[PDB]
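Just so you know, the sequence shown maps onto residues 175 to 243 in the deposited numbering. By construction, the Cβ of each residue, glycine as well, lies at the ideal position given by its N, Cα and C atoms.
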Amino acid sequence: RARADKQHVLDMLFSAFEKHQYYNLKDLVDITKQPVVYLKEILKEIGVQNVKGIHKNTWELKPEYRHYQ
């Protein structure tokens, strides 16, 4: 089903995370005009969230169990 985008979308995340350890939702959509709700679900399973000074929305691929490399 939409898992094709999932595997292909992770490649885009690694490229984006390759330039910086943190990325907000707005930055991720510019890299992929795919529905955020779809991106958030992928980030929800392996991603993480962090609020900072001005509640900066950031996300990080949780590497705790990425057997895939």
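1) Where residue 230 and residue 195 are concerned, what is the direct C-alpha to C-alpha distance, given to the nearest angstrom?
2) What are the boundary residues of the alpha helix (DSSP H) that includes residue 182?
3) Would you tell me roughly how many angstroms separate the C-alpha atoms of residue 228 and residue 220, rounded to the nearest one?
4) Do you know whose CA, among 197, 210, 181, lies nearest residue 243's CA?
5) Just grab the DSSP bridge partners of residue 232 for me.
If we stick to the structure as given:
1) 14 Å
2) 177-193
3) 24 Å
4) 181
5) 224
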